[PDB]
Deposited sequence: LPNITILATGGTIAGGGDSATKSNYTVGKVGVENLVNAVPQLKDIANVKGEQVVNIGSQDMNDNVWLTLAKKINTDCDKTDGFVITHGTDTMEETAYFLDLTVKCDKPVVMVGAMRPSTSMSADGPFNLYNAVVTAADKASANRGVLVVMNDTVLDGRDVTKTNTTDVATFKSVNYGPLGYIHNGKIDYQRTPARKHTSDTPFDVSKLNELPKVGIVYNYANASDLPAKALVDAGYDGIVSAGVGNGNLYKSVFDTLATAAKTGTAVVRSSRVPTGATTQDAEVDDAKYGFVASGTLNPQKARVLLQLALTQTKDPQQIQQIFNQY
């Protein structure tokens, strides 16, 4: 049988294949940070040749952030499948066993390769870029809200009907010998939104700022002004607190005039992930925007 290594990183999930298990760290994913991300990726890139595929048990809270980061830093072309649980393992009707079950299936399937980093939840294979946590409590919380799942799992078989075109081998981000990430913060937009948050990050000389805008990534006037001065003086990506849909160019915001970057379908967390890595290679908004159109 193929050999699949389970990498455990935390999450309620604790709190066909020849399966080996290693625990890298054990944290709530709400405390997820650059160091675990750099450690997790360096682990998988180092042990790529040593196994047939990886399954990663993780907290569901920032699962979408980790999955996107690995989707952009994993150079291992072998399947990397992320998995978690919404109910505790000791609790009744614990969902984790069959989730992890399905993840090993996904990681064992030879058809799964070259689909990037995947997330497997509730009988479904989700792509790392579009997966998001939809609901605070549901076991079916994970969804690709914009483009949808890649496949469904039944009786150990996967009917793959999609593959993402936007990852893994094909990305230029190499964090192998990197021990820090650029600083990227996220500011929320709302009625009468305060600029205090964005002013705080700019004054700290943050490399980047993501805007959790309203609608098509729009900003409150105070915020927009301040981010306009920062971008023109800090990288600023426009994303949206809106859970679904692209933050587009050519709507109500001339980004060129302002040197903003429209985040596309990337939500504020995922936009942050991509902005962080883009700032390891360039700081020009005109250049970054090209990165955001391909990843």
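Residues 16 to 44, 196, 264 of the deposited sequence have no C-alpha coordinates in the model.
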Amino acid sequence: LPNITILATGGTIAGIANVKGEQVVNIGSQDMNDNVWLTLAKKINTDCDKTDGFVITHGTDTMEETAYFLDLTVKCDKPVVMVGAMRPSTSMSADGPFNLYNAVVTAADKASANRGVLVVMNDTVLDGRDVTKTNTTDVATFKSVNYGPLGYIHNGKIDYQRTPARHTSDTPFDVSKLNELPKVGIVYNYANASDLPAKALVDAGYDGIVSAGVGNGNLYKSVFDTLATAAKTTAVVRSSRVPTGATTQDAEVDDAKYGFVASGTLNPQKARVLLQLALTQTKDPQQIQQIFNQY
From here on, numbers count along this sequence of modelled residues.
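Mean C-alpha B-factor is higher over 254 to 262 than over the other stretch, the pair under comparison being 238 to 246 and 254 to 262.
Comparing the listed residues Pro97, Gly84, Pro88, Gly217, the entry records the largest Cα B-factor for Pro88. For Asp109, the recorded CA B-factor ranks within the middle third of the chain. Only modelled residues enter the ranking. Sort the chain's modelled residues by C-alpha temperature factor and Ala271 lands in the lowest third, per the entry. In the PDB entry, a CA B factor belonging to the highest third of its chain's modelled residues is recorded for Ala231. Split the chain's modelled residues into thirds by C-alpha temperature factor. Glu64 is in the lowest one. Among all modelled residues in its chain, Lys143 ranks in the lowest third by Cα B-factor.
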